[PDB]
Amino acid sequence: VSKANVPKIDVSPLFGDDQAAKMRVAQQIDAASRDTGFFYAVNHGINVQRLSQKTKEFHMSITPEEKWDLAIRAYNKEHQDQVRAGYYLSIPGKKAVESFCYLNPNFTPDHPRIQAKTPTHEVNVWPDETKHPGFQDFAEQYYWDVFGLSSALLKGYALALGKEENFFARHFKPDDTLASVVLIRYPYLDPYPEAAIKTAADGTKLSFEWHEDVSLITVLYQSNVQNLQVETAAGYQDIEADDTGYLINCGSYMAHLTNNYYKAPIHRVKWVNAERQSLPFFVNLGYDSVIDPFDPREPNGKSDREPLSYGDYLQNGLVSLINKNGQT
C-alpha cells in the first residue's frame, strides 16, 4: 500500500502577528487540503505527552461500575439526556473500542441552551474526583488548549480560502461552541474477537469503516501506531503516525461551505492489535452559526448550495454516522 502525502506544517505563525508569514502557512494548508486532505500541524504548543499520560491513567483505572454510572443512553436507558457526552462501553467478545466524550465546559445547568434543552447541547458528566484526582480539571484545560490551537488553524484555513482571518473563527466561540473531545481507547486483546474486526471490500481488516468526518475540521492526537488510511485517486493510502503532531483534516461542513473545493477526505481505521489512543477534537461551530456557501474556483465566488445551520448539520450528521458505521 503506498504512503499518503501528509506534510508537516509549522503552524506557529498563526498564533502571531506576522501577516506575510501567516499567508505562507495558509498556502501550505491550501496545498494539503487540495491534495490528500491531511496534514500534520507541528510546533502547535500543546503538551501531547502529558495528554496521553493523563488519558492513559484514566482509561486504565476506570472500573465497570463507573462506566455504567457515566454511560450514554445507548448503553444505559436511565440516562436519557446523555446522547453525546459520557462513557461509550466496550462489549468483550464483540466490540473492542471504548471511549469518553465531553463537550464545552461552559455548558452548565444555567446555560441558556441547556435551559432550552436545545439538541446537541449537554452538561458533561465526570467520574468521582477522589477516584480520578485531577482528571476533570486536566480535561477541561485540555479543551481550552485545543480550542486555542483550533482557532489558530481556522485563521489559516480562512486565509487559504481568500478570506479575512476571522472568517471561521468568529463563529467559534467559548460560550457556545458545539466542539467535542473524545478520549478513545483501542485495546490490545489476546485473543482479539473476530466480531470486533470488520473487513473492507478490498480485504483490509478494519476497526472503523470508511467515512467523512462530521466537523468543520478535525484536530487529532494519536499514539505512534500506524492505522489510518485515506482514499485518494491512487486508492487507499497509509497515513503515517506521528505522536508529536496533530493530524488535521476537513469535515463535511467545510466541504459544503467551499463547494467541495476543500473535500472532506474519506478515511478509515485499520485493525491493529495494539493498545493505543485516539483523541480527536471535533471543531464544531455554534448551534445557529450559518456561513454562506461560496466557491473559490468561480470568478464571482458564487455557489449553488443552500446555507445550512451548524446545529442542523451536526444533529443530522451524528445520527447518520451511527447509522452508517454503527454505535461506537
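Numbers for residues come from their place in the sequence shown, where the first is 1. Whichever C-alpha set is largest while still superposing within 1.5 Å between the two forms counts as the rigid core.
- Here the rigid core sets the fit, and in 9 other deposited structures of this protein the C-alphas of 227-235 stray farther than those of the other stretch, out of 227-235 and 67-75.
- If you average the C-alpha B-factors over 306-314 and over 21-29, the higher value belongs to 306-314.
- Checked against the record, the higher mean CA B factor of 270-278 and 286-294 lies with 286-294.
- Per the deposited coordinates, the residue with the largest Cα temperature factor out of 232, 141, 252, 108 is 232.
- Comparing the C-alpha B-factors of 92, 86, 174, 187 in the entry, the top value falls on 92.
- The deposited CA B-factor of residue 102 belongs to the lowest third of values across its chain.
- Compared with the other modelled residues of the chain, the Cα B-factor recorded for residue 192 ranks in the highest third.
- For residue 11, the recorded CA temperature factor ranks within the lowest third of the chain's modelled residues.
- For residue 113, the recorded CA temperature factor ranks within the lowest third of the chain's modelled residues.
- Ranked by C-alpha B-factor against the other modelled residues of its chain, residue 129 falls in the highest third.
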